[PDB]
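Heads up, the chain below is alone and in the form deposited in one PDB entry; it's given as structure tokens.
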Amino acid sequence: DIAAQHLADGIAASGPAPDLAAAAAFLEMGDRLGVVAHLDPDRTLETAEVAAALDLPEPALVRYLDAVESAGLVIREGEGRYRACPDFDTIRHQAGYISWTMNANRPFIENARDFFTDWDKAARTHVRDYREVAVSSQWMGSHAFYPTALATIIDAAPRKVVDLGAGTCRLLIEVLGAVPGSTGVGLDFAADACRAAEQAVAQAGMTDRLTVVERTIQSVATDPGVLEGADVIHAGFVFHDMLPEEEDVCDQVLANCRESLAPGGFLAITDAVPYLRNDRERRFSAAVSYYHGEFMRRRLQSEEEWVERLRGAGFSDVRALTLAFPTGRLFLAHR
């Protein structure tokens, strides 16, 4: 009788945490192996072929997939064939938040004492794995920021679209595929990301429309030529890296963005605003804010600071839109 009461009380106390904890660990483990990229609710993963492609022993891969099937994350369709559960993309999205705070930002969790005593020594010793930062933020973005930026670029029907920090040019290839007769300039300093975006642009069929330029966003303050005539300039979570050290460079990048825009054009920036108080956003906002401010020393600006800076760059009007990503804001700065 007492065991039944403790059972109902404990289920209410645990809530959704055991499911989320299990999903995040299985998905991070599978992503590091390269397995999660082959999991999709509309098609099967064939173990014989995937084990060869990923260079894993097939028995070990089958035991991983059988544990993930027992968890309810995949369905065994036939022998050696597994399909993701129908709500897989939502589970992967939620796992993104746990991976970001517990995996991508792990050096900060484990070595906080070092950061509090000698920040400069700690900042160069305990560094984040950039592949984990990239995958976890892509998972968070899938349902919480990427579709708002995507629908905003597309519905403006642009002739030219520029992406500052384009990465693998996924947003640029999707906007070009939906807007008939549009060109795009993908800007990213990484040679590894640019070479991957170059091959992805060719297979999509837009090698003449999409120009990949291996350059830093800070180089746009000196050379804004590639921005000229753009209808939409996109910048997703790339400006706070410059603040507060490269403040004047960042201000020049924004001023160049405004002058370069074609009539009716806009600069669409998505960024994180610091320490919100509202109940829905406050907890994740505080984690994003503390990791940026305390551990990375990157300046996050409020909506008011952002609007003032964007008006100081010549922009006539600035609109702020709340994103589902807690503490995330989309600023549309009209020329």
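Take the two forms, find the largest set of C-alpha atoms that superpose within 1.5 Å, and that set is the rigid core. Residues that one form lacks are left out of the comparison. The first residue of the shown sequence is 1; numbering continues from there.
- For the segment pair 167 to 175 and 197 to 205, the entry gives 197 to 205 the higher mean B-factor, averaged over Cα atoms.
- Higher average CA B factor: 222 to 230, of the stretches 222 to 230 and 88 to 96.
- Across the residues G78, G72, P147, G186, the deposited record lists the maximum Cα B factor for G186.
- The PDB entry assigns the greatest CA B-factor among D114, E132, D120, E259 to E259.
- The deposited CA B-factor of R128 belongs to the middle third of values across its chain.
- Ranked against the other modelled residues of its chain, the C-alpha B-factor of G264 as given in the entry falls in the highest third.
- Ranked by Cα temperature factor within the chain, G236 sits in the middle third according to the deposited record.
The form deposited in another entry is left out here; the points below concern that form.
- Checking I75, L150, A196, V133 for C-alpha shifts of 2 Å or more between this form and the one not shown, after the rigid core is superposed, gives a single hit: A196.
- Core-superposed comparison between this form and the one not shown: CA of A104 displaced by less than 2 Å.
- In this overlay on the rigid core, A123 has a C-alpha that sits less than 2 Å away from its partner position between this form and the one not shown.
- When two forms of a protein are overlaid on their rigid core, residues whose CA moves 2 Å or more are considered shifted, and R209 is one of them between this form and the one not shown.
- Comparing the shared residues between this form and the one not shown on a common core, the stretches of 3 or more consecutive C-alphas each displaced by at least 2 Å are 156 to 233, 255 to 266, 314 to 317, listed in sequence order.
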